[PDB]
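What follows is calculated from the coordinates using simple rules that are stated; it is not laboratory data. Don't worry about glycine lacking a Cβ; one is built from the backbone with ideal geometry, like all the others, and counts go over all protein chains shown.
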């Protein structure tokens, strides 16, 4: 239920939304996204035309909503100045600057901000850590430089930690493409005394 | 008489030029460039003067230290490391002398200004090719040039290939190293050839023709590599120089060009090229594996490549391991015979049909290097024997590339030829030999060379660096001519690898001479140690805002009492948004500091769109970078994002941002830390087993500390019973988990 305020009549972004229907309503920021999420849409070519248009509009919004969003769209080949101005003109007024590289990407942003109020499904880096081969490849890679593929080719020769812990240094030197240095490294690691 | 000792006349000139006017000397493939440095070190090594040697490595020290020690000079060079009790402890500088150092431990001392910069007399760089990329050294020098009066720099260096690389003009390296002149000195120079001819060692080049069944492996491996390189070239139009032709994919320095070309923005490549690069690496190590190792092991290695499909699927590709089956048949012929059956019966010839009960046996073959070696070592004993006492006893130090070869070669002579085929086949079902190369100390074989004066020397395929070292060994004029015996496979990879690279140097030095003949209230920012490896602190310091260095745990820079910046590029964003570590970082940053930001650096030439356009045209737009970015910004309302186009713009954006705010202080910035990690001196070898032992299933910090404090090493964890582990830990479920993990197979 996104609310698009009527000052976006001739705008090239409303044609590129597809997911959720929209509404027309006299709210002060232009795109109201559910609750406590307002957007503001600005192309940098318009910023070079009227330079006093963003700084006036920031004042009338105030501190109403809890998450404000300023998304800007770049289409000017010299962006190394206006971005450095807009960051300092946004930091003191508490917004969030999102850069969009093309008008089609604004459709994904406008839909993605609407259709998300979900749970933290990104937190656990160990989201797939519940299987045996994942545990051995997450345990063995703690040494200095041994990638996953050498752990695969170490798995498919013995399979057993009891067998791997009893092999000689020359017995572990039959490495397919690992090298003698990593073999000597792991042979020192897997048995060296902790204390003195 | 040790090492370079007395320098030969060709050297004597070079030292003369570099004692008056400073510059950088471009020597040629170990023609002795190292040696020069010995002479400088002894001369300035007196006690009351100092200089720093900039880019050494650990072991070399050892040889240099011991050699100069033999002469008996006092105040021998001292070495400084990170673990030296930090400031105050480094009082060695006052005491003076030559001092070795690492690139970092310096930068910190100079910035805090603890070292005396009044007294420092000069700087002797080494391995200058490394300074080509604008990294830590540049900072060490531009920081040094405040001793404008006395300080003298010098650039002994080698590896002429790097400078020859396109887009890295020497002048740029020249201007950075702060020296005026240039001293080329190659190995066709007019005064370095007339001396090295008066005494020359004799070669006895011997051509050894390879078997008719080796070419059937080699011309197939090169065809598969040639078919892989075009597919790498098509789906990546970026890399187009110095990594294109076949010539350059055979030599040893090929992976450095790929690791320089594909390390910026690795994580926007996809899934096709990321397997293809691994394919190219394993196909390059196959071509070296066959020649330097025995046939039995190679039949194993090619058969061990077949086993990473039936468990892991496309591990080493589904593209090349199910095409060109001539490799197998060549491979299969070496070790096992083909099927055989009959009974006076016509139309009786099959693939695998039983008369055919016994496993057919194919004789093992021997690569003719072993055969043509034993003519030379039986000639040379008679060249002894015939000489009797009159010639003298003589010694031979036959040499080989790698340690494992040395092992085999050792046995080929000790037991006998049929011994290996019997010994190897079983398991799977005077004369000193030292290896030529390693990540080991390069300054070693030379020690052995002076060690055992070799009358006759015999060399398995080797790289330039050795061959030339031997001519310099011809420094004693009267000594009988050491006779080297090259060995060459006729029309092969090692001869290609040798010849090309030799030509590569020849063009390389030449272009140089043509470039020599063409010349005629203040603020602060607390900086994190780990971040010094990037050009941004060298661009902050130019504008005037001063930098003080210490370690951190939460965020890269601290611009002001209430701000914290964590810089991440466009590839590390894609990485740390799918790996899942930025979410475990901002939860700490917003907890600790007031207003967290993050700085994203795109690139204005190639904008990655961060969205699949067709999936945006079709799907509901989930599981991308944009959706996971929006979901990150939705939770934190107080995060700020700063986009910046280039690392020259960040130095401007930083000085505009702290305009009227106070100055962040170092005090207690280290104090905030975080609450974890226990105590690290618990294990004498703490930095080894722990890292493993913690990732094991069934452990916690408390039980791990106790159990580690009880049992000795990680071997007996698989040996001791589960009852012992559940008694020493008092828990049953995680103990049974550990016993199930430590004792299992794969299925």
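Per-residue shielding of A:153-159, expressed as the average number of other chain Cβ atoms within 10 Å of the residue Cβ, stands at 4. Kirkwood radius and radius of gyration were both taken over the C-alpha atoms of the stretch B:29-72, and their ratio Rg/Rh is 0.96. Distance between the C-alpha centres of the stretch B:322-378 and the stretch B:678-747: 50 Å, rounded to the whole angstrom. Each listed q (0.27, 0.30, 0.34 Å⁻¹) maps to a log10 I(q)/I(0) for the stretch B:224-266 from the Debye sum over equal C-alpha point scatterers, namely -1.13, -1.29, -1.36. Relative to its Kirkwood radius, the Cα radius of gyration of the stretch B:1-148 gives an Rg/Rh of 0.94.
For the stretch A:1-66, the pair-distance distribution built from all alpha carbon pairs, in bins 5 Å wide starting at 0, is 3, 14, 25, 26, 18, 11, 2 percent. If one computes P(r) from the Cα atoms of the stretch B:665-718, what percent of pairs lie at distances over 13 Å? Roughly 67 percent, rounded to a whole number.
The largest-to-smallest principal axis extents of the Cα set in the stretch B:249-328 are 41, 30, 20 Å. The Stokes-Einstein estimate for the stretch B:684-747, based on a Kirkwood radius over Cα pairs and taken at 25 °C with 0.890 mPa s viscosity, is a diffusion coefficient of 201 µm²/s. Solvent-free Debye calculation, one equal scatterer per alpha-carbon of the stretch A:121-196: log10 I(q)/I(0) at 0.17, 0.20, 0.25 Å⁻¹ equals -0.71, -0.92, -1.30. By the count of neighbouring beta-carbon atoms within 10 Å, fewest first, A:22, B:185 end up ordered A:22, B:185. Between the stretch B:397-445 and the stretch B:642-667, what is the C-alpha centre distance in whole Å? Spelled out, the Cα-based centre of one part sits 60 Å from the other.
Put the Cα centre of the stretch B:165-216 next to the Cα centre of the stretch B:469-515 and the gap is 7 Å. Semi-axes of the equivalent ellipsoid for chain B, computed as √(5λ) from the eigenvalues of its C-alpha gyration tensor and ordered from largest down, come to 49, 43, 29 Å.
Let a ≥ b ≥ c be the square roots of the eigenvalues of the Cα gyration tensor of the stretch B:271-317; is it rounded (a/c under 1.5), or, if not, prolate (a/b larger than b/c) or oblate? Judged from the Cα gyration tensor, the stretch B:271-317 comes out oblate (a/c at least 1.5, b/c at or above a/b). Taking other C-beta atoms within 10 Å as the exposure proxy, B:207, B:267, B:44 rank B:207, B:44, B:267 from fewest upward.
Cα convex hull of the stretch A:55-175: mean projected area in nm², to one decimal? Before the final figure, lay out each step's value.
Values: hull surface 56.7 nm².
Approximately 14.2 nm², given one-decimal rounding.
Provide a whole-number value for the mean count of partner chain Cβ atoms within 10 Å of the Cβ atoms in peptide B:604-613. Don't skip to the end; give the middle numbers.
Details: counts 5, 0, 0, 4, 1, 5, 5, 9, 1, 4.
Shielding by partners across B:604-613 averages 3.
Taking 1.306 mPa s as the viscosity and 10 °C as the temperature, the Stokes-Einstein diffusion coefficient of the stretch B:301-344 based on its alpha-carbon Kirkwood radius rounds to 126 µm²/s. Remark: the stretch B:322-414 is approximated by an ellipsoid whose semi-axes, taken from the C-alpha gyration tensor as √(5λ), come to 47, 18, 11 Å, largest first.
Taken over the Cα atoms of the stretch B:399-451, the convex hull encloses 85 Å³ per residue.
Taking each pair of different alpha-carbon atoms in the stretch B:187-327 once, compute 1/r for the pair, average those values, and report the inverse of that mean as the Kirkwood hydrodynamic radius in Å to one decimal. Working shown, then result.
Working: mean 1/r = 0.0543 Å⁻¹.
Value: 18.4 Å, from the Cα pair sum.
Panel order for B:447, B:306, A:9, by other beta carbons found within 10 Å of each beta carbon, from fewest to most: A:9, B:306, B:447.
Computed over Cα pairs, the Kirkwood radius of the protein assembly as shown leads via Stokes-Einstein (0.692 mPa s, 37 °C) to a diffusion coefficient of 97 µm² per second.
When the convex hull of the C-alpha atoms of the stretch B:1-47 is computed, what volume per residue in Å³ does it have?
Numbers: hull volume 4.3 nm³, N = 47.
In the stretch B:1-47, the Cα convex hull volume per residue is 91 Å³.
Note on the stretch B:120-184: percent of Cα-Cα distances in each 10 Å bin, starting at 0 and stopping at the bin with the largest distance, equals 19, 58, 21, 3. Packing-based ranking of B:460-466, B:395-401, B:635-641, A:117-123 yields B:395-401, B:460-466, B:635-641, A:117-123, ordered from highest to lowest mean Cβ neighbour count within 10 Å. Can you tell me what the convex hull of the Cα atoms of the stretch A:1-120 projects to on average, as an area in nm²? The number I arrive at for the stretch A:1-120 is 8.0 nm².
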